[PDB]
Amino acid sequence: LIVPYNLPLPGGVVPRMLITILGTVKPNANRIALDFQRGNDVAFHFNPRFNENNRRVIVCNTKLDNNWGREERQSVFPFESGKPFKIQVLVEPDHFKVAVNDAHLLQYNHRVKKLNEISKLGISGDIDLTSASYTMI
Ligand SMILES: OC[C@H]1O[C@@H](O[C@H]2[C@H](O)[C@@H](O)[C@H](O)O[C@@H]2CO)[C@H](O)[C@@H](O)[C@H]1O
Ligand SMILES: [Cl-]
C-alpha cells in the first residue's frame, strides 16, 4: 500500500471495532503516525518517535481547532527500525486500546466524544505498509 494511506471508517468508530495495521519499519525510521480524524480535528494521534533528544518515545495527543492538547507520553517502545510490526487498535467504551505485536501497549481516554464522527484513519511515517483493515469482535 502507498504511504501516507487513508482508511475510511464508514459511520465512525464504535466499541468492539478492531483495526489491524501490518507493516515494516524502514531501516532509518524517524517517526510513525496514526491519525484518527474527525474532519480537520485529530481525535487520537499516535506518534512513535525514534529520536526525540536521542530517546525513543511514543507521543499521543488530540488536535482541536488546529491546536494540540496535553501530550500523553509512553517510554515503552516496542518498535524496531527495519522490523515488521503489527499494530492493533481496539475501540472500547472509554478509551482506544493499543497493542503492538500482540502485547498491550497503552490506553488513550476518549477526548473527542462523538465517536461516530471519527471517520478517517491516516497512516503515515517511515514504514512499508502491508495491510490496514478493520473488523468487529
Ligand atoms: O503532541 C503531538 C504533536 O507534537 C508536535 O510536536 C510538539 C512536541 O511534541 C513538543 O515537545 C513541543 O514542545 O511542541 C511541538 C509542537 O507542538 C508535532 O509537531 C506534531 O506533529 C504532533 O506529533
Ligand atoms: Cl466531541
# chains A, B, ... in the order shown; residues from 1 in each chain; ligands from 1
$ residues_near_ligand --ligand "ligand 2" --cutoff "12 Å" --atoms "only C-alpha atoms and all ligand atoms" --output "MDAnalysis selection string"
chainID A and resid 37:39 41:44 62:65 110:118
$ write_last_selection --atoms "N, CA, C and O atoms" --output "short mmCIF file (atom, residue, chain, number, x, y, z; two decimals), in the first residue's frame"
data_model
loop_
_atom_site.label_atom_id
_atom_site.label_comp_id
_atom_site.auth_asym_id
_atom_site.auth_seq_id
_atom_site.Cartn_x
_atom_site.Cartn_y
_atom_site.Cartn_z
N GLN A 37 -9.19 10.87 12.54
CA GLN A 37 -9.63 12.21 12.24
C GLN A 37 -11.14 12.34 12.39
O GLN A 37 -11.88 11.45 12.00
N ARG A 38 -11.57 13.49 12.89
CA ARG A 38 -12.96 13.93 12.90
C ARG A 38 -12.96 15.24 12.12
O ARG A 38 -12.71 16.30 12.69
N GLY A 39 -13.23 15.16 10.81
CA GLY A 39 -12.97 16.33 9.97
C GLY A 39 -11.52 16.76 10.10
O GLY A 39 -10.60 15.94 10.06
N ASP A 41 -10.17 17.92 12.82
CA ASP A 41 -9.65 17.60 14.13
C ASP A 41 -9.03 16.21 14.13
O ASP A 41 -9.46 15.33 13.38
N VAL A 42 -8.05 16.02 14.99
CA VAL A 42 -7.45 14.69 15.20
C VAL A 42 -7.89 14.20 16.57
O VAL A 42 -7.41 14.68 17.60
N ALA A 43 -8.80 13.23 16.58
CA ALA A 43 -9.30 12.70 17.84
C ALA A 43 -8.22 11.96 18.61
O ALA A 43 -8.18 12.02 19.85
N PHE A 44 -7.37 11.24 17.91
CA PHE A 44 -6.33 10.42 18.55
C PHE A 44 -5.16 10.34 17.58
O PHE A 44 -5.29 9.80 16.49
N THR A 62 -4.42 14.92 20.98
CA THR A 62 -5.65 15.26 20.28
C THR A 62 -5.46 16.68 19.75
O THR A 62 -4.91 17.53 20.45
N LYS A 63 -5.90 16.93 18.52
CA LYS A 63 -5.81 18.26 17.95
C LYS A 63 -7.22 18.78 17.71
O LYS A 63 -7.99 18.15 16.98
N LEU A 64 -7.54 19.91 18.33
CA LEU A 64 -8.86 20.53 18.24
C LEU A 64 -8.71 21.95 17.74
O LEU A 64 -7.96 22.75 18.32
N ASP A 65 -9.44 22.28 16.68
CA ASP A 65 -9.39 23.61 16.08
C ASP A 65 -7.94 24.03 15.81
O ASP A 65 -7.54 25.16 16.07
N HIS A 110 -10.97 8.70 25.64
CA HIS A 110 -11.62 9.49 24.60
C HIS A 110 -11.75 10.94 25.04
O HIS A 110 -12.47 11.25 25.99
N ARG A 111 -11.10 11.84 24.30
CA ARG A 111 -11.31 13.27 24.48
C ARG A 111 -12.38 13.80 23.53
O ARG A 111 -13.17 14.66 23.91
N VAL A 112 -12.41 13.28 22.32
CA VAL A 112 -13.46 13.52 21.35
C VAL A 112 -14.56 12.50 21.59
O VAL A 112 -14.32 11.29 21.50
N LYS A 113 -15.76 12.99 21.91
CA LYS A 113 -16.84 12.15 22.40
C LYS A 113 -17.78 11.66 21.31
O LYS A 113 -18.56 10.72 21.55
N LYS A 114 -17.77 12.30 20.14
CA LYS A 114 -18.65 11.92 19.03
C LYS A 114 -17.93 10.85 18.20
O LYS A 114 -17.39 11.09 17.12
N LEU A 115 -17.94 9.63 18.74
CA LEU A 115 -17.18 8.55 18.12
C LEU A 115 -17.65 8.28 16.70
O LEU A 115 -16.84 7.89 15.85
N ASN A 116 -18.95 8.43 16.43
CA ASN A 116 -19.49 8.17 15.11
C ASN A 116 -19.05 9.20 14.07
O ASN A 116 -19.39 9.03 12.90
N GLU A 117 -18.32 10.24 14.46
CA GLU A 117 -17.83 11.22 13.52
C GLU A 117 -16.34 11.09 13.27
O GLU A 117 -15.79 11.84 12.46
N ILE A 118 -15.69 10.13 13.93
CA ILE A 118 -14.27 9.82 13.72
C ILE A 118 -14.23 8.82 12.57
O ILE A 118 -14.25 7.59 12.78
#
$ residues_near_ligand --ligand "ligand 1" --cutoff "6 Å" --atoms "only C-alpha atoms and all ligand atoms" --output "PDB file with N, CA, C and O atoms, in the first residue's frame"
ATOM      1  N   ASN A  47       1.960   8.525  17.906  1.00  0.00           N
ATOM      2  CA  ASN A  47       3.157   9.017  17.225  1.00  0.00           C
ATOM      3  C   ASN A  47       4.414   8.461  17.877  1.00  0.00           C
ATOM      4  O   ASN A  47       5.063   9.140  18.684  1.00  0.00           O
ATOM      5  N   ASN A  61      -1.854  12.392  21.468  1.00  0.00           N
ATOM      6  CA  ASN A  61      -2.481  13.683  21.674  1.00  0.00           C
ATOM      7  C   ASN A  61      -3.733  13.793  20.814  1.00  0.00           C
ATOM      8  O   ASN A  61      -4.075  12.894  20.040  1.00  0.00           O
ATOM      9  N   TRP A  68      -2.960  21.579  19.377  1.00  0.00           N
ATOM     10  CA  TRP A  68      -2.668  20.344  20.101  1.00  0.00           C
ATOM     11  C   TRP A  68      -2.937  20.544  21.588  1.00  0.00           C
ATOM     12  O   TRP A  68      -2.707  21.625  22.137  1.00  0.00           O
ATOM     13  N   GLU A  71      -0.013  16.428  25.861  1.00  0.00           N
ATOM     14  CA  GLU A  71       0.544  15.176  25.392  1.00  0.00           C
ATOM     15  C   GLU A  71       0.518  14.118  26.482  1.00  0.00           C
ATOM     16  O   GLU A  71       0.713  14.413  27.669  1.00  0.00           O
TER      17      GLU A  71
END
$ residues_around --residues "stretch 97-106 of chain A" --least-positions-apart "5" --cutoff "9 Å" --atoms "only C-alpha atoms" --output "PyMOL selection string"
chain A and resi 74+76-79+85-92
$ atom_distance --atom1 "atom CA of residue A:45" --atom2 "atom CA of residue A:33"
6.9 Å
$ residues_around --residues "residue A:6" --least-positions-apart "3" --cutoff "8 Å" --atoms "only C-alpha atoms" --output "list in words"
residues 120, 121, 122 and 123 of chain A
$ select_by_dssp --residues "stretch 16-127 of chain A" --states "strand (DSSP E)" --output "JSON, numbers by chain"
{"A": [17, 18, 19, 20, 21, 22, 23, 24, 25, 32, 33, 34, 35, 36, 37, 38, 41, 42, 43, 44, 45, 46, 47, 48, 49, 50, 51, 52, 55, 56, 57, 58, 59, 60, 61, 62, 63, 64, 67, 68, 72, 73, 74, 84, 85, 86, 87, 88, 89, 90, 91, 95, 96, 97, 98, 99, 100, 103, 104, 105, 106, 107, 108, 109, 120, 121, 122, 123, 124, 125, 127]}
$ atom_distance --atom1 "atom CA of residue A:127" --atom2 "atom CA of residue A:96"
22.0 Å
$ decode --residues "stretch 44-66 of chain A" --atoms "N, CA, C and O atoms" --output "PDB file, in the first residue's frame"
ATOM      1  N   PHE A  44      -7.371  11.238  17.908  1.00  0.00           N
ATOM      2  CA  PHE A  44      -6.331  10.422  18.546  1.00  0.00           C
ATOM      3  C   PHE A  44      -5.159  10.342  17.583  1.00  0.00           C
ATOM      4  O   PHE A  44      -5.287   9.796  16.487  1.00  0.00           O
ATOM      5  N   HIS A  45      -4.047  10.953  17.984  1.00  0.00           N
ATOM      6  CA  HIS A  45      -2.775  10.965  17.276  1.00  0.00           C
ATOM      7  C   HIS A  45      -1.837  10.059  18.077  1.00  0.00           C
ATOM      8  O   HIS A  45      -1.638  10.270  19.276  1.00  0.00           O
ATOM      9  N   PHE A  46      -1.320   9.029  17.422  1.00  0.00           N
ATOM     10  CA  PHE A  46      -0.416   8.031  17.995  1.00  0.00           C
ATOM     11  C   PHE A  46       0.886   8.122  17.227  1.00  0.00           C
ATOM     12  O   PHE A  46       0.917   7.869  16.016  1.00  0.00           O
ATOM     13  N   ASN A  47       1.960   8.525  17.906  1.00  0.00           N
ATOM     14  CA  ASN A  47       3.157   9.017  17.225  1.00  0.00           C
ATOM     15  C   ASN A  47       4.414   8.461  17.877  1.00  0.00           C
ATOM     16  O   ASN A  47       5.063   9.140  18.684  1.00  0.00           O
ATOM     17  N   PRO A  48       4.821   7.239  17.506  1.00  0.00           N
ATOM     18  CA  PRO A  48       6.161   6.763  17.894  1.00  0.00           C
ATOM     19  C   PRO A  48       7.251   7.626  17.253  1.00  0.00           C
ATOM     20  O   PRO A  48       7.284   7.817  16.030  1.00  0.00           O
ATOM     21  N   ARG A  49       8.155   8.134  18.089  1.00  0.00           N
ATOM     22  CA  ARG A  49       9.303   8.916  17.654  1.00  0.00           C
ATOM     23  C   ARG A  49      10.568   8.126  17.987  1.00  0.00           C
ATOM     24  O   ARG A  49      10.774   7.755  19.143  1.00  0.00           O
ATOM     25  N   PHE A  50      11.393   7.875  16.974  1.00  0.00           N
ATOM     26  CA  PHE A  50      12.612   7.086  17.129  1.00  0.00           C
ATOM     27  C   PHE A  50      13.806   7.884  17.613  1.00  0.00           C
ATOM     28  O   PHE A  50      14.804   7.286  18.049  1.00  0.00           O
ATOM     29  N   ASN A  51      13.755   9.217  17.543  1.00  0.00           N
ATOM     30  CA  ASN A  51      14.866  10.039  18.010  1.00  0.00           C
ATOM     31  C   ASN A  51      14.307  11.388  18.461  1.00  0.00           C
ATOM     32  O   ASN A  51      14.348  12.391  17.746  1.00  0.00           O
ATOM     33  N   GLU A  52      13.790  11.416  19.676  1.00  0.00           N
ATOM     34  CA  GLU A  52      13.451  12.671  20.342  1.00  0.00           C
ATOM     35  C   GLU A  52      14.508  12.888  21.412  1.00  0.00           C
ATOM     36  O   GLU A  52      14.462  12.264  22.483  1.00  0.00           O
ATOM     37  N   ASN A  53      15.481  13.752  21.123  1.00  0.00           N
ATOM     38  CA  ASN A  53      16.584  14.001  22.040  1.00  0.00           C
ATOM     39  C   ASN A  53      17.316  12.697  22.359  1.00  0.00           C
ATOM     40  O   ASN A  53      17.717  12.449  23.496  1.00  0.00           O
ATOM     41  N   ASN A  54      17.465  11.858  21.336  1.00  0.00           N
ATOM     42  CA  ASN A  54      18.223  10.604  21.395  1.00  0.00           C
ATOM     43  C   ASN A  54      17.533   9.558  22.265  1.00  0.00           C
ATOM     44  O   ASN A  54      18.189   8.639  22.776  1.00  0.00           O
ATOM     45  N   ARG A  55      16.232   9.702  22.453  1.00  0.00           N
ATOM     46  CA  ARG A  55      15.404   8.717  23.132  1.00  0.00           C
ATOM     47  C   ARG A  55      14.281   8.295  22.198  1.00  0.00           C
ATOM     48  O   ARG A  55      13.914   9.012  21.266  1.00  0.00           O
ATOM     49  N   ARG A  56      13.755   7.101  22.439  1.00  0.00           N
ATOM     50  CA  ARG A  56      12.603   6.592  21.709  1.00  0.00           C
ATOM     51  C   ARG A  56      11.382   6.728  22.616  1.00  0.00           C
ATOM     52  O   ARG A  56      11.389   6.246  23.754  1.00  0.00           O
ATOM     53  N   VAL A  57      10.354   7.406  22.124  1.00  0.00           N
ATOM     54  CA  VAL A  57       9.173   7.699  22.918  1.00  0.00           C
ATOM     55  C   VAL A  57       7.951   7.637  22.020  1.00  0.00           C
ATOM     56  O   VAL A  57       8.034   7.851  20.809  1.00  0.00           O
ATOM     57  N   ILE A  58       6.804   7.335  22.624  1.00  0.00           N
ATOM     58  CA  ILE A  58       5.523   7.385  21.945  1.00  0.00           C
ATOM     59  C   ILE A  58       4.749   8.575  22.494  1.00  0.00           C
ATOM     60  O   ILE A  58       4.603   8.722  23.706  1.00  0.00           O
ATOM     61  N   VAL A  59       4.298   9.441  21.597  1.00  0.00           N
ATOM     62  CA  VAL A  59       3.528  10.627  21.952  1.00  0.00           C
ATOM     63  C   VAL A  59       2.107  10.424  21.454  1.00  0.00           C
ATOM     64  O   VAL A  59       1.897  10.095  20.282  1.00  0.00           O
ATOM     65  N   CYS A  60       1.136  10.638  22.336  1.00  0.00           N
ATOM     66  CA  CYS A  60      -0.282  10.603  21.970  1.00  0.00           C
ATOM     67  C   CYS A  60      -0.929  11.938  22.320  1.00  0.00           C
ATOM     68  O   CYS A  60      -0.610  12.547  23.353  1.00  0.00           O
ATOM     69  N   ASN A  61      -1.854  12.392  21.468  1.00  0.00           N
ATOM     70  CA  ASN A  61      -2.481  13.683  21.674  1.00  0.00           C
ATOM     71  C   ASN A  61      -3.733  13.793  20.814  1.00  0.00           C
ATOM     72  O   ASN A  61      -4.075  12.894  20.040  1.00  0.00           O
ATOM     73  N   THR A  62      -4.421  14.916  20.979  1.00  0.00           N
ATOM     74  CA  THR A  62      -5.647  15.265  20.278  1.00  0.00           C
ATOM     75  C   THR A  62      -5.459  16.679  19.752  1.00  0.00           C
ATOM     76  O   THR A  62      -4.906  17.531  20.449  1.00  0.00           O
ATOM     77  N   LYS A  63      -5.896  16.925  18.525  1.00  0.00           N
ATOM     78  CA  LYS A  63      -5.812  18.257  17.947  1.00  0.00           C
ATOM     79  C   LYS A  63      -7.223  18.778  17.714  1.00  0.00           C
ATOM     80  O   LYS A  63      -7.994  18.150  16.984  1.00  0.00           O
ATOM     81  N   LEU A  64      -7.544  19.914  18.334  1.00  0.00           N
ATOM     82  CA  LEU A  64      -8.862  20.528  18.242  1.00  0.00           C
ATOM     83  C   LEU A  64      -8.711  21.954  17.738  1.00  0.00           C
ATOM     84  O   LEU A  64      -7.958  22.747  18.318  1.00  0.00           O
ATOM     85  N   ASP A  65      -9.441  22.279  16.675  1.00  0.00           N
ATOM     86  CA  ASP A  65      -9.387  23.614  16.076  1.00  0.00           C
ATOM     87  C   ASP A  65      -7.940  24.029  15.809  1.00  0.00           C
ATOM     88  O   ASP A  65      -7.541  25.164  16.070  1.00  0.00           O
ATOM     89  N   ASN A  66      -7.150  23.085  15.302  1.00  0.00           N
ATOM     90  CA  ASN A  66      -5.772  23.304  14.889  1.00  0.00           C
ATOM     91  C   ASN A  66      -4.826  23.499  16.063  1.00  0.00           C
ATOM     92  O   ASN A  66      -3.706  23.958  15.869  1.00  0.00           O
TER      93      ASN A  66
END
